[PDB]
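Asker: Below is the sequence, then the experimental coordinates.
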Amino acid sequence: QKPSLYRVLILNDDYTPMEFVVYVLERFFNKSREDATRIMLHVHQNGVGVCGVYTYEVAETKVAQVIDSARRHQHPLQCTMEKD
């Protein structure tokens, strides 16, 4: 076998509003309010949070969605993906 899915990470920063991060989790990562909150607080407290695991194509898409959204909202939020 060769598991080839990819996890999407959101990194913490001191400028992006908590509310925005919850928004990106609920929309771009299909998270419920409870799960989006959990992950958001994990980012805020631990410095990084796992948004989910997807195929390469989907991960690449969602990462782009997150950062594009962040910039359009004028936040410095960073997002990236790597092999699960």
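Answerer: Here it is on my side, so go on. Numbers count the residues shown, from 1 in each chain.
Asker: Please enumerate the strands of this protein.
Answerer: 6-11, 48-54, 78-83 (DSSP state E).
Asker: looking at these, which is buried most?
Answerer: Mean neighbour count (mean count of other C-beta atoms under 10 Å) peaks for strand 6-11 among the strands of the chain, with a mean of 20. (C-beta placed from N, C-alpha, C; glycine too.)
Asker: relative orientation of that strand and strand 48-54 in degrees?
Answerer: For strand 6-11 against strand 48-54, the angle by axes from the mean of the first three to the mean of the last three C-alpha atoms, to 10 degrees is 160 degrees.
Asker: can you state the direction angle for strand 6-11 and strand 78-83?
Answerer: 150 degrees.
Asker: Buried residues, the longest helix belonging to the chain. List them.
Answerer: Longest helix of the chain, by residue count under DSSP state H: helix 56-72. By neighbour count on 16 or more other C-beta atoms under 10 Å, the buried set for helix 56-72 is 59, 62-63, 66-67, 69-70.
Asker: Using JSON lines, please lay out these together with distance to residue 9.
Answerer: Formatted as JSON lines, the buried residues of helix 56-72 follow (distance: C-beta to C-beta, whole Å):
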{"residue": "59", "distance to residue 9": "10"}
{"residue": "62", "distance to residue 9": "11"}
{"residue": "63", "distance to residue 9": "9"}
{"residue": "66", "distance to residue 9": "10"}
{"residue": "67", "distance to residue 9": "12"}
{"residue": "69", "distance to residue 9": "16"}
{"residue": "70", "distance to residue 9": "14"}
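Asker: rewinding a little: the longest helix of the chain to strand 78-83, inter-axis angle?
Answerer: Going by the same axes, to 10 degrees, helix 56-72 makes 170 degrees with strand 78-83.
Asker: Which one, of the strands of the chain, ends up nearest to residue 28?
Answerer: For these, proximity to residue 28 was assessed by C-beta to C-beta; strand 48-54 is nearest, at 7.8 Å.
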